[PDB]
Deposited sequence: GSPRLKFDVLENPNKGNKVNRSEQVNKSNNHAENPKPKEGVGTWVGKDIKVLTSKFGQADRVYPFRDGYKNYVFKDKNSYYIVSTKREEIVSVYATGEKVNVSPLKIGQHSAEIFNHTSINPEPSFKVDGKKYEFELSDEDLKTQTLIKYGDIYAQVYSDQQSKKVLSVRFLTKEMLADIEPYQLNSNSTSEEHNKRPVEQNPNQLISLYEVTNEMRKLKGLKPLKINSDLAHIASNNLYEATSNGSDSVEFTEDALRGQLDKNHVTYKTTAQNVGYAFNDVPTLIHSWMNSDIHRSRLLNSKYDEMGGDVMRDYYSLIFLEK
């Protein structure tokens, strides 16, 4: 299995883009209590809000919203829209190929590749940014992440120019890895729901195999080790496959890389699979799929 590696637009007037900079209590009042709240490295906290028609990963720092990943059938990501043609964004929107900014006086300049401009477009809206995720096949908007320049420097989702330096990071809290795995499952199922596919059920035996396979691999991901571990664990199945990612900092970036790789995309959006199980530890992400 191939291991994948890591003159302006006004501010939004409505939708999730207006949440950036507000206190997290504004969403708790609107939606009620979050489904999940957990810390991650460098002093951020994630709040997950979800229902049948919407999915939000809201990041905060000192209770201020600094980022919102949004997707689903009924989310307001104005001026964008989930399901719109991605080519329609560029007709009336200022896009810079080498976006540049300062975070606490330190300059950050990104070198956006061909794939990044078409399927991970970085757009400046007022004083904030938006990452617009598009499908390489359908060319439609899948999800949008509105975020501040300091979150963007921390995530570093694009290659930095030689003049820039990557940020240093503190220890991951104990809550991070298990919550990134839950977000990996949830975002995988949100992508499947946009294409009218059934969500995959979480299988604890596949998650165990994924964790051992990942631990054994970092002490390559062969198909004989996967099919051998399934037979060794007496798991019954018709077909199986695995998606892997290295050095990723967040689930939206990881999913974008799998969605823009035909082989990984075909596994995520496979109509025949009905179960999945994975693991997240440090820089690695692994997700095993199964057709019972």
| query | finding |
| --- | --- |
| Unmodelled intervals of the deposited chain, in order | 1-6, 13-31, 245-250 |
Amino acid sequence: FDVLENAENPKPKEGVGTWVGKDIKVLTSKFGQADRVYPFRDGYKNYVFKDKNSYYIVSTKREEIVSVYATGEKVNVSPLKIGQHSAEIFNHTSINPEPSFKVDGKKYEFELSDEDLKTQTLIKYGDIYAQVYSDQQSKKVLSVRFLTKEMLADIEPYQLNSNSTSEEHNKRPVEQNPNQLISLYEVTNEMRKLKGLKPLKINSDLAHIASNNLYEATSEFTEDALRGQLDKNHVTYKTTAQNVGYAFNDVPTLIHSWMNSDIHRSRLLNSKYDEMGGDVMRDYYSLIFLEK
From here on, numbers count along this sequence of modelled residues.
| item | value |
| --- | --- |
| Which of 265-273 and 15-23 has higher mean CA B factor, as the PDB entry lists it | 265-273 |
| Between 232-240 and 41-49 (mean CA B-factor, as deposited), the higher | 232-240 |
| Out of 190, 205, 114, 175, residue topping the C-alpha B-factor column of the entry | 114 |
| Candidate residues 154, 104, 73, 186, the one whose C-alpha B factor the record puts highest | 104 |
| Lowest, middle or highest third - CA B-factor, residue 218 | highest |
| Cα B factor band for residue 62 (lowest, middle or highest third within the chain) | middle |
| Chain third (lowest, middle, highest) by recorded CA B-factor, residue given as residue 69 | lowest |
| Chain-relative CA temperature factor third for residue 246 | highest |
| Residue 125 by Cα B-factor - lowest, middle or highest third of the modelled chain | middle |
